[PDB]
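The structure appears right after this line, and notes come after that.
Whatever order the structure lists them in is the order used to number ligands and atoms, beginning at 1. By convention here, the first residue in the shown sequence is residue 1.
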Amino acid sequence: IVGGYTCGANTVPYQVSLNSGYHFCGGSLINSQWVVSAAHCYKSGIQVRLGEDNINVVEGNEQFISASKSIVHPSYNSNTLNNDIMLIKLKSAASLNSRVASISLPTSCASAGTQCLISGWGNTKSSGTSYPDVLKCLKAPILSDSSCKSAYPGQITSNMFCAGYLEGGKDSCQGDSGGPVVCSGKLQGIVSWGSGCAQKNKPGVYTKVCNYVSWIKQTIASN
Ligand SMILES: [Ca+2]
């Protein structure tokens, strides 16, 4: 997250870190056994880390649970990142508590202009590299479809939305991929892609989770 703030330990209790020997992507806990992330975060051998603040210190509220299964969307296209969503099943249910908690899936799609909370352990520099140890947060508004298509001509599908600031300076970034975009208390986006981070006229692009609720529900009813 570039231009964000330190969230505060466990104030984003549905945020997970995906670890393959190191943090590589975020995700969102949607119930005690399942995490939503981006399909471009797929790796074999994923451990889900819940209850994290500092990803480099064991502070006492973590649960580390191996994934048993990962399910990339059946229509994921890694070239265009259309349908950039994945489900990850935990080998054992998380113990839900004040610091490890699920986020609701949406009933309705979020509105343009809504300010959402985006979080993660990704790079904090627009130019260069610096990865934080503690979770960062950003409030960013959803942009209109026509603004998002003007920013990325011939690249935005109906399963993507843009959020952020066209002036630059505030965005999600590498290492935040797969993490949540929460709007009015529901998981509405997944950190997916963008041209650089926090560059002028190049806002973040996010997977539109409200288009996938039927898939998520039928997949979790079957696995
Ligand atoms: Ca920790």
Q | the Ca ion (ligand 1) to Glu62: nearest N/O/S atom name | A | OE2
Q. What angle, in degrees and rounded to 10°, do you get at the Ca ion (ligand 1) when you join it to O of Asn54 and to O of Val57?
A. 80°
**Q.** The single option from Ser68, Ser70, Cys41 passing side-chain contact (heavy atoms from CB on, under 4.5 Å) against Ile46
**A.** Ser70
Q. Would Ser20 and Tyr22 count as having a side-chain donor-acceptor pair, cut-off 3.5 Å?
A. yes
Q: Write down the atom of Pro141, the atom of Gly113, and the distance for their closest heavy-atom approach.
A: CB-O, 4.0 Å
**Q.** Close side-chain approach of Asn56 and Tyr131, heavy atoms under 4.5 Å
**A.** no
Q: Could you check which N/O/S atom of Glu52 is closest to the Ca ion (ligand 1)?
A: OE1
